[PDB]
Amino acid sequence: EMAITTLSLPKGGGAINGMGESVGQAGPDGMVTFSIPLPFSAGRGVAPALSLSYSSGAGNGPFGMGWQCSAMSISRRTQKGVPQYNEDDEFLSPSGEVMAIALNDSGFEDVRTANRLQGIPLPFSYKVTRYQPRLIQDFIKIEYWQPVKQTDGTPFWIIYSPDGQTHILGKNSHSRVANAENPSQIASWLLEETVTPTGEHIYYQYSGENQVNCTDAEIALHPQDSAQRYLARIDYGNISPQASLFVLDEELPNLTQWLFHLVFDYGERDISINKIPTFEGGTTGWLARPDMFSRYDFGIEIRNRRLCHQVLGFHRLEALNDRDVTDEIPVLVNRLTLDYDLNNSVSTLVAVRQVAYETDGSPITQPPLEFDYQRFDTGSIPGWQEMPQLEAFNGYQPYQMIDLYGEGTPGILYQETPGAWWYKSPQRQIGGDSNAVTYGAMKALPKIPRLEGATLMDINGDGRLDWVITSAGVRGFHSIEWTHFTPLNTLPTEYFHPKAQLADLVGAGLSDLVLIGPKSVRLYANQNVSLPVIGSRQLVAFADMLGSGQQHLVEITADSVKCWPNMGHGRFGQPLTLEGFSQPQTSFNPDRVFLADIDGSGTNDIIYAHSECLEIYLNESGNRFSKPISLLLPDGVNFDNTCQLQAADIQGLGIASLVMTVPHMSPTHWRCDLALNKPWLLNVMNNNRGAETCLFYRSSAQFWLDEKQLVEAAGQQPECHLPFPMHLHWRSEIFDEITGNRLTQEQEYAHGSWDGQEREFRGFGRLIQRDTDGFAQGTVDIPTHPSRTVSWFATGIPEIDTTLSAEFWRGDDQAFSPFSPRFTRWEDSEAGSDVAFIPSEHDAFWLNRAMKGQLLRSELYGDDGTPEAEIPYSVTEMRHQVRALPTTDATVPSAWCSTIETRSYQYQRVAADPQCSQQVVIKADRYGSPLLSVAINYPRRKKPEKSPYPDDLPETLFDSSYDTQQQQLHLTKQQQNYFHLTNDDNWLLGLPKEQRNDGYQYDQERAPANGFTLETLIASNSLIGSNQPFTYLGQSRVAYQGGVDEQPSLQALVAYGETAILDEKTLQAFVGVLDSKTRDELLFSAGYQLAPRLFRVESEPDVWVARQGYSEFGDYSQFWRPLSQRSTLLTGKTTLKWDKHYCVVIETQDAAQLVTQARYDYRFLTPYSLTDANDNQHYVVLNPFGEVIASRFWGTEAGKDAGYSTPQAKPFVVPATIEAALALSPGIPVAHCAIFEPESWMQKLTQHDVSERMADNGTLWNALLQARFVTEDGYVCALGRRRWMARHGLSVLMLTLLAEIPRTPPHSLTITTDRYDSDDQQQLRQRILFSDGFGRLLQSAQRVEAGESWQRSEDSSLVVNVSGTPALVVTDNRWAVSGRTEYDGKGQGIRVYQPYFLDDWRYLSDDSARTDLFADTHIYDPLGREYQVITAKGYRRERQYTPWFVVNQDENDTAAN
Amino acid sequence: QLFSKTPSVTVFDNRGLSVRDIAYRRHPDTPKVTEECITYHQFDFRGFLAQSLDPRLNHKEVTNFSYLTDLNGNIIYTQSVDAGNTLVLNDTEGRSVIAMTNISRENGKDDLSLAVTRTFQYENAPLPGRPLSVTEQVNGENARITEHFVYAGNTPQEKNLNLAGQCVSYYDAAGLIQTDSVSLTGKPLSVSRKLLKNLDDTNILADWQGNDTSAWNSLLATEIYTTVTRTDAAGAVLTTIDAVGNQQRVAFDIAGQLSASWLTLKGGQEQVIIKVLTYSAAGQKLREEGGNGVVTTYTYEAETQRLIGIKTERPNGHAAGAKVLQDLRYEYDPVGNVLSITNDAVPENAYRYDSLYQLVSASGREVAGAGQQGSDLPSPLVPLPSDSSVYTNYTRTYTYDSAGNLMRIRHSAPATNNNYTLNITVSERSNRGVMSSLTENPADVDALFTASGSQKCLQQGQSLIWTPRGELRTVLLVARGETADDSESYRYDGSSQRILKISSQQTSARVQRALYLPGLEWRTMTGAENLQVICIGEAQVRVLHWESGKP
Ligand SMILES: [K+]
Ligand SMILES: [K+]
Ligand SMILES: [K+]
């Protein structure tokens, strides 16, 4: 139903939340995601909808490790070969999907020539080519626009969004990432302009990387530095309405023609909250991050030096208020500050915070949203420990710790005879720690061939030669075989067929290759500028010294570390120097150099072994090395040339540990694990409002060892399809700092899928999740038991997917057989249809791939130790269809995946009598819109001889629970069509047109034994076929205007909606009461009218319909805004009058000439003033966050003026503190006033107090402020405090001080006046609303008259006598506390407290409340349904859910007994 | 103990619809017998409710309710065994446009001989379609326009009184309500009632024909009954001046709860009605002291907020002496049924319920020997008893059927032998029931009601006449053929609230009139007493002011 615009003042205030930030739901990819919507205005409604988002799988960028805040973009493919900027290059969709040139409807390559666009003539001609991604999600239209004449200009992209929006990417050079040496070689087109059918625009301005604030050494090292782009400013709320993109005009509109700006600061401004940011930047220039990094995916260098420190909102208030725009400076509305833990290796985003400003310039702040990460700590490096897993080895027996089979964890490779190679797979050690690794029984390597000094070999096998074998040789006068095994991925791709610099490097070929770490290989030879010579006292190797994701070339001597960037295709770039590494030329031995990523930064570090020491030089983002970490060998060990040492990820964590074997020393085998967790991963969030989430990762490799143990114990054969470690979201601990309650969410992963053919991660086939409550009470008073959800997802690999259904719960023998994937081909001449087919093997690869990540099944259990615990509450399963779509690529079909079937069983843990429903999409159009769908309700199963329900019930309930209505098979058919505007160059799909529903009811006997599928439903003998009798349920139609007839234009203006109310069957309700003429004139009088029945068959009679929702709209110059509204034609119109730039409506006039007028605060575009139909004034004051902090009203009564004094007549200053506001005296000219305290959970600390306690004259204060232990306005940050403590500790004096300092939950004070300020009887009512860290209402305190209450201590507990009895006192500071609720992790009210009196508005501790206050406890099941209530008195209410009935027992029912 | 295995159960079909309500009835006298009471609900092809049947009637193949709806589930036609058949329809704006009621059947078809058809008329375009009028037409008779609305305009005069867009004139069955003034807070500050002329004659009926208020005002009696209100900033009523000029005043505490009240009779000085009133943390009245020095203290159960104590007393130091006037103590079962009541001043009322929490036994005291309970009050015991032997204990037993119809009240007062049984005869095809003195045959019960289900005979010689809206019009107490009858008639406003009551008894004629107005009862007695009853609270405290005939 259409909404009628009603002008009202912001009627709210009280609750306190954040920016709507959230952690992502755990998925089959195993990654931790977080998301923060940008807290800035939507303007007229068309705005950038950006989120600052984190992913545990993401790399570094302009927002710190793992974060990103970017818009759509199109880049060249890099993941399957380095682009060369020729015609063999490929392009990715904004979704990251590979595109191909699309086919048209005529069956040809979709190419066109163009000189006009959106009615705008182009300066020259363009070749426009339609591209189509391999996977279709949103049916977007993608065009590549290349000038026919290459020198006429640069190419760009257009993306037509199905919502009718048009997006242009990379039209000008700021929105293009291109080769620093050749601007024509474009790697990426960034979103530059968006236009909507309303003529509303969004422009995206970028800034190019430069040399500002760079050291000379950095400049010398990276001259090719201009490629990267940074989002700089977003302009929206365009003053001029224009349907065509502004970039097509001769000149872009002046900056003054945008009402709204979003500015991105990269350090050029002062970060202090005390300095108000201006719209103008400079001249200080953006700061240079310490961890500068390059990427080389596109065969060009991209240098990254910039971090975003502030995001800023600006409005043109003069323009919006239609005041004099001359010399207007836009004013700051909201300010988002970003704190980073700056680091030479990896900088981490540790805080985001809202700050806004009062008219007096004072900062008003929100509590900071803090993050912290797993970090490498040199002080918490585990020491050496013996490695008993090698006990069987003598101490001279050589071995290699390598992942031979590709399980993500290395095993033991050795030579036993010699000549014979054997391998021991990594396995879960039994009994030990959960991640303890032992090694299984030996297994013979395949016959090792050995020829051109180095040969390939397949081991796993796979049929892929994944292994390069070489042999050491040969000196001196020694006859001799001992070989070396090297994973092919440690070598440049073009190793065996070298071109360019690689060919200049290898010559005839390398003599030998020796692993010196997990992915680093030392080179041995035969005997532009300026490659090293292989074969002095030097080391040349392949290692990622740049953290960029390629095997680069590295040279290490006693005094130098040089790295040549692998640019792809054999090409290597100019040498980079990495200072920091030095060894005396008299003792330096290349053999003692190991290259491995120790700190998980992505860079390979240096480990040099001395006789008594190992020095570890951490690679600082590929720029230099840290000062060395000294690792002392175990006492007694002197490392020499007879000893063995290797750097290997023996934990399967993507970080290298050390395995050392020293003969003539017992024990002989040793380990040093330098970390137990992968660093730089987000692991803590805290909003400083009382909510903290702690994260926990576990490697895919450990998970694989567990899975393999279970598989081997089950007689089956283990097959790993994930060859490397991935860090998976393993555990979330959601902690409520106020109640002390927690919620644990635990994830287990199985069936890991990585595709070797396309080198692509497919995801996990099975994901299990447990949810467990953890109460601070620590009793059993709330007896919840963990919930368990087992989910199965398609990996897109048949060899994996085909094994999943066997794991499904099979405890219901009557359950319908599993769904199978359906493959179709599309036949749109001219309505279209899917035709099922069996694809060829080659096609099957891609069509199967299309099912990536799709949910196949889900089962919900309660692990409560009950006998029925192994029976799920509910089961849900899905059937997917992949429509194969041909492109110009003959070998790769494009595809669209959809869920065609969904079936749900409600068992309620009773396997024999579930309910079952099934929804089926039968037909979809060419754009994925459902044409024909059906909802199915299955009959109840046949009654058994005995009840499967407890004998606790009445003995008759089982029989009496059966009702004939449970036996009728129901099928509800739903037809619908759409309007698709695809003509010319517009693209608007899925417009609501017509819909009709019909009912089908059958007897249980007609219900198929195996249930329905799509095939059953399109069958000629279908239960919903054209032959079958049916009950018309109704219909719906949308009619548009302006507009051919009632068809939509691009603006999609609805004229009215029309729904059916009566047909010939329902009209029978009038039969014995009114005759046909009277009935018809009644219906006609009541606004109903006759309209054709939709999707009409066999002369179906017209139906009585109701038309509602009539609007009249303006033209393009008024941005097509509604000008009049009315519900039906039975009533008159309400008229809308908009402001100058059509942002908000400023006046309404209804059908009785009543006029309402509004005036807006344009920093929020919400009204602050309202004149009503009786010329009365209503007024609010808004704080810099748009919250009402004062309100009043006035006008006339009986001619005389009344009641509150105007703001002009008596201004009111809202007290800055609650203590002051509570102490206000009568005679205030406001009806309400409010004080918001969202930061009260952060302890308050002053410069004065800290300096007085430390007597250091501000030293500790200044340092704590600098590190953001505390904010500038004196709030202690939780995570900043913990980080500070972890790095520097904290004086006991500060601990004492902080212990003196109280916390209080986020709260608001609302004062409500009793009378107008002219009345001396006026009272100030006081109400304080509490919120928790989750935005939930904690409690409400109302100031009441003086009297008896309990007494609250300073420590927030109840004042009790020695025995434990709470003191009862009489006070004039008494409050009535209502709605006090103790929540669990899911926001469910576990304890609802009776109201109580207290001598303070402050939050009484949960300890004291649970101990001394009366509450009803509520116990919820895994479905979040209340099933038990324990009253304060101790009686119980229970509710039992069964599929066919719900059982309710009250206090009397359960009291016995 | 009587409640073991007596849950409440809801039984579903395969489309989430509640097709059965199952209860379990167990009487404490026969705790081995458990009756499974099943209420049935049948849903149609469109998923909407079509039939509902109680446990009793279902066994006798009679349907309590039948419904016929539109394509969206909105009920158009209804068949009720209790309320008879009805037809309603709303418009596309969601507004009611027609309601046909009082329909029966017999010959198979629906009997419209006494059907009442009420229709609703609204402002036509280009007006906002506000309510215009309400028309009421009984079958075979002429249509009367029973309601009419008039709305104020945009004039400065109307805005200054805050009347723009407000229904300023409401013509109902009793006459006219005018809204004179509205507060800044949207509250009425001045309303005025005018009565239709000659409401004493029961045959005169409102009929606002046309669109001319001049012609209507001529039909109104001359007196204007104006109630004036003054509200605070939060829209709460502070002062009230009734139609005769008495003022009620209230004051609220810091939490906005009623804290004090006063009365100023016309020409008099302000006096205290409620001096101080305190509240529990849950906002329930705790201690209430009135102007008579009397104090009521409310005691609540901490776990449940249940009222377990009501103590009205003259406190220590009272001019008339300290005395507990009433001390009610309540004992509840875990579910909250009143199991017992005590009063301090030994007397005790005990209560027993079935598993459905229906009252099956009640002990108490009465002035014995009273006689068999009827419509009459007992003769008042004057003066106040000094001895309690003047009371005797009774025990009543209650007997219900499967559909909750109270069939039997067995009164047992052994000591004074005041024993009797009140029987209610229930129809076998409906819930219609009357006392056995009217009929003992279930098959004759339904004839004693209208098609709407309104009772036509109160007692043996006493008949009941009803308005088309189903409001009680006339109680014929003593019929004398032609044409002098002891009777009592009633009048209602548009909201069906009683505005006028007229009792007549033959002696020339004793006529007792009762005019109900805001905070006021104006009662005259002729055959002359002129009494104005000030009602204070909302009704708690009442003040009797005679203008004439003070006894
Ligand atoms: K590193
Ligand atoms: K019960
Ligand atoms: K006014």
Side-chain angles (χ1 to χ4, degrees), chain A residues 60 291 293 343-346 376 517-520 543-548 578 580 594-607 616-626 629 647 654-656 674-675 678-680 954 1154 1171-1178 1193-1199 1201-1203 1437-1438 1447-1456, chain B residues 3 6-9 22-28 34-37 152 154-156 158-166 181-186 189 333-337 353-358:
Chain A
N60 214 330
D291 53 335
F293 66 96
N343 186 280
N344 286 347
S345 284
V346 176
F376 184 82
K519 204 175 182 182
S520 58
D544 197 356
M545 311 297 304
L546 306 177
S548 68
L578 287 74
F594 298 82
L595 290 179
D597 190 354
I598 290 295
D599 65 348
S601 87
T603 59
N604 282 250
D605 308 295
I606 295 182
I607 310 179
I616 304 169
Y617 303 78
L618 291 185
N619 187 329
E620 292 178 5
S621 194
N623 301 310
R624 70 197 53 79
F625 294 99
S626 296
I629 294 171
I655 51 174
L674 301 104
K678 162 76 176 216
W680 316 115
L1154 282 333
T1171 307
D1172 62 25
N1174 285 288
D1175 293 354
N1176 296 323
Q1177 297 299 141
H1178 305 266
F1193 61 88
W1194 69 95
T1196 56
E1197 276 183 5
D1201 289 344
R1437 299 200 306 274
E1438 292 172 9
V1447 182
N1448 287 267
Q1449 293 182 287
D1450 57 33
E1451 292 89 342
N1452 292 14
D1453 295 326
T1454 61
Chain B
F3 312 102
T6 77
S8 176
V9 182
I22 308 177
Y24 295 89
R25 183 161 68 135
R26 181 146 67 225
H27 201 286
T34 314
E35 183 195 357
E36 189 177 68
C37 297
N154 293 282
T155 65
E158 288 159 311
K159 292 184 168 185
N160 280 342
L161 291 165
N162 300 314
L163 300 174
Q166 301 265 353
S181 185
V182 172
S183 75
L184 204 51
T185 53
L189 292 185
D333 68 341
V335 141
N337 294 288
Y353 303 84
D354 59 24
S355 62
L356 268 43
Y357 311 135
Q358 297 182 124

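Note that ligands are numbered from 1 as they come in the structure, with each ligand's atoms numbered from 1 the same way. Atoms considered below: every heavy atom in the structure, side chains included; atoms not considered: hydrogens, waters and symmetry mates. The sequence lines fix the lettering, A, B, ..., with proteins before strands; numbering per chain opens at 1.
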Taken by chain and residue number, the protein N/O/S atoms under 3.4 Å from the K ion (ligand 1) read A:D597 OD1, A:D599 OD1, A:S601 OG, A:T603 O, A:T603 OG1, A:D605 OD1, A:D605 OD2

Worksheet entry | Whether B:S8 side chain and A:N1448 backbone form a donor-acceptor pair below 3.5 Å | no

For this session: Applying side chain to side chain contact (heavy atoms under 4.5 Å, CB included), run through A:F376 and A:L674 and close with a yes or a no.
Result: CA-CA 9 Å; A:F376 184 82; A:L674 301 104; 4.1 Å; yes

Is any side-chain heavy atom of A:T1196 closer than 4.5 Å to a side-chain heavy atom of A:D1175? no

* To do: Check whether any N, O or S atom of B:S355 sits under 3.4 Å from the K ion (ligand 2).
  => yes

**Prompt:** Hey, what's the ring geometry for A:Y617 with A:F625, parallel, tilted or perpendicular (30° and 60° as the breaks)?
**Reply:** perpendicular

Looking at A:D1453, the N, O or S atom sitting nearest the K ion (ligand 2) is OD1

Sorted by chain and residue number, the side chain to side chain contact (heavy atoms under 4.5 Å, CB included) partners of A:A1173 (sequence neighbours excluded) come out as A:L1154

Check: Under 3.5 Å, is there a donor-acceptor pair between the B:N162 and A:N1176 side chains?
Finding: yes

Going by distance alone, is a donor N or O of one side chain under 3.5 Å from an acceptor N or O of the other, for B:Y353 and A:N1452?
-> no

Given side chain to side chain contact (heavy atoms under 4.5 Å, CB included), test B:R26 with B:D354 step by step and report yes or no.
CA-CA 6 Å; B:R26 181 146 67 225; B:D354 59 24; over 6 Å; no

* Would you please say whether a donor-acceptor pair under 3.5 Å links the side chains of A:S626 and A:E620? => yes

So CG of A:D1201 and CH2 of A:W1194: to nearest 0.5 Å the spacing works out to 11.5 Å

Near the K ion (ligand 3), meaning under 3.4 Å, the protein N/O/S atoms are A:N1174 O, A:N1176 OD1, A:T1196 OG1, B:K159 O, B:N162 OD1

- Message: Regarding B:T6, does it place an N, O or S atom less than 3.4 Å from the K ion (ligand 2)?
- Response: yes

side-chain hydrogen bond (donor to acceptor under 3.5 Å, both in side chains) filter on B:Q166, not counting sequence neighbours, yields none

